[PDB]
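Comments concern the structure below.
When the chains are written out, they are named A, B, C and D in that same order, and each has its own residue count from 1.
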Amino acid sequence: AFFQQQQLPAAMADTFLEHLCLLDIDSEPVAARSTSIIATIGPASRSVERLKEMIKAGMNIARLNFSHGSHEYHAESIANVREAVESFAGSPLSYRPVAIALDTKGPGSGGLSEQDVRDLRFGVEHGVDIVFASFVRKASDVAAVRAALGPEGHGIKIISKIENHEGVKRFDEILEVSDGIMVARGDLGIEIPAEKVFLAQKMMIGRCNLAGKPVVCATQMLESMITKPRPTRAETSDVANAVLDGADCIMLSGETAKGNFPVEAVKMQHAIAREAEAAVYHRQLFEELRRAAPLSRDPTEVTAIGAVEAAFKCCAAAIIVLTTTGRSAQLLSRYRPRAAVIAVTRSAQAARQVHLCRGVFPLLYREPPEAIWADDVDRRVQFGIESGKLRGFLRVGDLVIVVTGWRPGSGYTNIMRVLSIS
Amino acid sequence: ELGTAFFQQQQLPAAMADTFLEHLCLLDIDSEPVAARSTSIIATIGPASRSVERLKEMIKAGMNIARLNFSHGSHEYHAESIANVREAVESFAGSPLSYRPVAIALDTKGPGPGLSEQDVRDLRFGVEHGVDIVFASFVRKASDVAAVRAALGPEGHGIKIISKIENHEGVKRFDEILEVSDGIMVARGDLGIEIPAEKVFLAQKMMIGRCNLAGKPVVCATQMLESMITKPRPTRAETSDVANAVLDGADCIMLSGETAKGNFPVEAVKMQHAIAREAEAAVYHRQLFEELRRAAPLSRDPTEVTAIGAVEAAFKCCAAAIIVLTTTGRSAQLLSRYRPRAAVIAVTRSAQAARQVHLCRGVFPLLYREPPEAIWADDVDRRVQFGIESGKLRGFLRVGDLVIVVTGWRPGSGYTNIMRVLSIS
Amino acid sequence: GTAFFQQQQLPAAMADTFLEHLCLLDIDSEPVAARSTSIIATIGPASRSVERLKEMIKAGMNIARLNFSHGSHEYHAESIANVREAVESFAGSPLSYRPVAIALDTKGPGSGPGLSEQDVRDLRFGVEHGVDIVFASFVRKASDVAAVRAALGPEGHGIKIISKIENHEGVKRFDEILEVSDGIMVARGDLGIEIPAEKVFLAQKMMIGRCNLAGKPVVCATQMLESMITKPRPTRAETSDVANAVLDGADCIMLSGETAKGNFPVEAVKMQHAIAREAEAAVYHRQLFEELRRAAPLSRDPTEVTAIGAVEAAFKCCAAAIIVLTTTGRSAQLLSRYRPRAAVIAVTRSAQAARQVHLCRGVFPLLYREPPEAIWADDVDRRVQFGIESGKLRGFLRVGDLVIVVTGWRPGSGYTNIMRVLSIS
Amino acid sequence: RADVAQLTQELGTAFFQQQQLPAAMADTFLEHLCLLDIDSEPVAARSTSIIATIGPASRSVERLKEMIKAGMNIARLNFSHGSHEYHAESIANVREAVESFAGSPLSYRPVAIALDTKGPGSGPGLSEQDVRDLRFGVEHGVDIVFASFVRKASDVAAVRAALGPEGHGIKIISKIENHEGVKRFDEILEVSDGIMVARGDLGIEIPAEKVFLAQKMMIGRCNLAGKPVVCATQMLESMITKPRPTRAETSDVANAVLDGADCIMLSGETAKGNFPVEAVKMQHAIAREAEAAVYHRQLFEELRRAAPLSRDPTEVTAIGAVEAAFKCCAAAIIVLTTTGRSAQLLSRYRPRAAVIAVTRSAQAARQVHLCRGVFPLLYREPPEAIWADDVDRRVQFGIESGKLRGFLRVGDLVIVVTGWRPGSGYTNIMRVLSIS
């Protein structure tokens, strides 16, 4: 029964053609949904009660669109998101962190506009986790956003939105200085011929997967759900294909900001992403990612490849990793393991930000500290296992891969262990 | 010899990539498509696309197959639609550069446990009016296809039966249905109601893959550009859906309400044409050909053996086209199953085969009406030169180009066994 | 039949990985194909008798090597006369006649920087006596090949020059030497003294790989069955060395003392024949063909395009042979470079080309002696029928087999452009 | 180039020109052959073990010391010749020569002793002389038995029974010498510790032109099973009377290594020939060149794909460690092992990194020579009170010995493989350590 679920016959296929032939509508997804859902906050999704339903439906990142509304309006949205998120903190083994992303208005006819400088300062003051920088055309646009965030906003992730021909052409220099990319198909589809957007999307997703940096697919993914309870056949296909392309995140704009079915739009993206993740041809994907990732003398990078290889060998239910900044989890995620990457962290910001990386499930550690560092590490590992058991990721008898470091502090991951559950 | 500009167009850098990941990384929005659009467009005929003048614009925009939806309208209404399609098609018989055969497909109302009384009557109407294809609704098992085949009476055995897979049973019994059908339609509308909507993409990709493996045509249908029923431009999900259906391996893409009742029927056809052209150049032929080659069983059929040799030869020299002489369309279909980048120009004396080969990706039919030569080898040479001259006229070919020519050793269907490399003069 | 798929290591040939290919190799799977790697036998006191040469031709000797390091011009002229007498003793049966090439192996430069005066005289002797091939000793750079070509003069333009790589400089300047040579000999004797003995296998494997990539013949030479100079059976290392040279991709394997001075020249030829046959069936064609196709550059030459189409067609149908008409041997060489499992039966009127194509693996030359038919198409057909009848007599073909036939559109060399699938009747 | 650019800038272009690294990074096997370079020097320690047959030409203690220095890893006693008294003296001389280097534990090289049986002769199974010789082997503490003419699984069970309860730790390597052994190979391999391709008798029992097929098939199946395979007979035959081998002989040795053989053997070349030390030196030189010419890119991919999914933590850790070693061009993989099993599971994936196996078992240290690329280090120190400290001391012993023997330099990355509790069977940890 195990080998009939999660498209495992299609996953073992010798060719991509045979993989397609073996895809089965009766093969149920079992793994937790890996691709994060970004929901745009607006009148249809601003109330605390509505936000609680969206968190339960699968929203991982709340997007604030600074193209509309005042700073007072957005501060209220942030407070409501935090209130809804913290209403589940009473049960630490099931608490789900939710990131807050600020999407800038953009340069308009102008580099960095004066309104963007003020909005970015607002983001730092209100503790946003991510900035979706509009109309990034070159590396200096990213540097300007980074400078406007100042010394207090050093830890904020900058996701550059590629929205025009210049951004596509200067993609490599933009990705090099950004934390990730958003394929902003709305403006891109007006700036370049609409029939060419899929080429830009597939290229950018492929280059971000190669670089090991997050990539978001955005705009009109479930557009008809703004007024209708069910999406069109092209919309479900678009969501599934963005996941199959390799997108780390998928986004909802008007569907959640102003539509009549915000919760249903989140549920639909969750349902499709789960089905599409199981249909990924891991046999070829892992081989190509493994071959393309350069040789490295960084122990975190070396441990990450060893751990993902070990996870595939034993059909590991999860890879439990201890991380301070999220980096060790990101390096595991870049190899696209089928095993869930359970990231145990003390940082609340890193727990929110790792939603940008596909297949990373953040667990915010709030248990009493241990006096012995080795005992403290072992307790965080057992915490990952208990949360994993409660959430359905793990069962007794499963094998897990555990990734830790040799000393406290970020940058010292160098150990991989094979552990049998219970 | 060809120029550096030649190797920058039609995603040739992405086509030469060593891995699928590198192929994606090399896709370029500035790399323009050059080849003719190979995925056929099926447009549903209705009030918005029934007039002769509107049909002429749709033919110019790229419509290859006219679909008659027998779920609505009387036999009198459909006979008028057929006459208007034929009038619009024949209005271009004067210009070889603009003339294009257009197939007529009858889409049945559907079942009841099996073939309904109305379907028997509608299928008889199709035979009497000379339709080329039947899109059989709600096919669930092999016996449903046999019933449709039996209903195509004594005169309609040459009509192609494309089984529409619309429910869980059709998906589960797919292999037995494909074995007896000429092709398949992934009817996503009903399929998305019969099975969970989030599972339709799995059924679509599986069926397209199995049809590509079998070498049989597969159509992707329903809501591909739905928003264009009221809006002049489609959504980002809709263009993505069309491009991904072509990348999946679909031979045909379809328009329903977009062309039958919408406000922008011609623009919907133009949009599918534009997207299919871009998506066909983005196909990763290096891995696709290797896998089709490996999956296709060994064969002692000379048409099958010649077809793979010809497609291999076309890739080796970047041939502008493969010109094939075919009476039934079968030799062109066997070339099409290996997905060559070269256009397959099919020269036939059969007007029905010329219309039906639109079901096969990359087949460009040319109907030949010259009187037969007394010396058979001369008749063959005249048809090969007709394909070359039409190719030059239409932009497929130029003097100095290499073309692959596929012919047989004797007259009659079933004897294809020759592949030649010709330099265009 | 099921028995067909158990022979010639067909289970190992269909394997998905090289490891699984090795695991499926079967000592009970009998070779069926004709032996495709040519055997070069060096002539000497043990192999000069006309009666002894007839037995060596029957055992499988394809090329007779004259070592100009020993003997005078008078000695070599007698060797040539004896070889020709033994070869021509079988000309009374044209369907079974086996051409045998004559190769002149030069003494070398010695302490000199380039072409020695003795080599100039020996090369002129070769042209005057009609030798087919020159094995040029100690080639260190492209100008050494040009000097050999100049010494052959205008009358020796058709002689093939195979450069012997015997030292570090020849290995380092390999690419420039191969570019101007017709082929290469891995002369392991001197190479093993000039460079550390433990590194010779790396030079052998590299040169064979680069010659296979270039589509040019490569010979493996020296001490392959050394112990057979005095013993009736070779050592385990010797049979392994012959099998591995064939698996590496060598077009030819050579015997020196084993045939020139030993006590078992006929048995040494028979042993190389037996081993080469076993090793050719053990070649992993699935990966080899894929890599040769991918590495071979795109081409606009119709002979090159037809060759890859014909090899692909031959693999698709398990063709027993590819029958090719050739004037210079070039069309057969271009088929051979893709390493088909099907025998390449080359029909030619040129006695020299028939002898020289033994340099290319899997090419079986048939010398056609009949004067041309008045109708060129009938002369082409008669030559193809001669290939089929010789093939049937020699066991290459049976009724019911499929064969690929490679011809051109006009008389004269350079116009091959047609591939046809033919059933043997 | 993008996949190796940063590491090329860090380690230098000279590093990437050595040990056939350009040929190792090739995208196809054809390109791998085209990139093989006679100027690309081998750097890694020789990983294929050399088995030398002991006889009159290689019996003296002083001669044996030269053969150990030349590279002999396993001493073979051919029980087809000589009495029990003769073989006991050979064993004592081998042990005396081996122990003459024990004064320096950081450089001491263990040498295994293998007993090669006379065989069944005309009989259907285990002969009475073989039963007596096998009992002699157990009494004299031999490490390995090369069982002659194994034709079926019951032949190896008979050898195992003749070894008795005291010989349970002895490795049984079945010699495949006839058609029946080749045809029943899978059942023989399943119950054996490894295989020997005995080409001498095999070449008489089956047509000589078919021996290479049997050799390549058996080596491939042993590599797939992760069990040692020995290539034997006439590898450097001419060196019995001549100082240099023929071109076919060097080719045969190189091709046995490229085929995937864990061990290569010398028979008459060492036992009775005129150049025993030179024959060992020649096999050493060729094996080093051939190991660097192995196409690891395809080999690792195929071993990974063919090896079934596993829930055994030693197996899971082994593939993770070999993958990690390739990622960083690790100089070595240091593994703690009691029976040799954790080192054998690393060896089956054919890493380019040397597998330095630290063990307290003198027998396991000798027996791991059967596995390609395993360098045994015998740890003689008594256990620390705290088990975690005892583990760390053993790892440090491997690093210090690795530095001493030239395997490791400061700045190198090393992969360390250990377990969560004492005793055999609990390996489950992989660590990436930077050498300081």
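In this section, a residue touches a chain if its C-beta (ideal position, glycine included) is under 8 Å from a C-beta of that chain, and two chains touch if they have at least 3 such contacts.
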Worksheet item: Looking at A-D and C-D, which one has the bigger number of contacting C-beta pairs?
Response: C-D
Worksheet item: Cα centroid separation between chain A and chain D, in whole Å?
Response: 47
Worksheet entry | Distance between the centres, which are taken as Cα means, of chain D and chain C, whole angstrom | 39
Worksheet item: In angstrom, rounded to a whole number, how far apart do the mean CA points of chain B and chain D lie?
Response: 60
Practice prompt. Can you identify all of the chain pairs that touch?
Written response: A-B, A-D, B-C, C-D
Worksheet item: What part of chain A is in contact with chain D in the complex they form?
Response: 287, 291-297, 299, 301-303, 305-307, 309-310, 313-315, 399, 401, 406, 414-420
Item to complete: Name, in rising order, each residue of chain A that touches chain B in their complex.
Response: 7, 15-26, 165, 168-169, 185-186, 189, 192-203, 205-207, 209-210, 219-224, 230-242, 245, 268, 271-272, 274-276, 279, 284, 288-289, 291-292
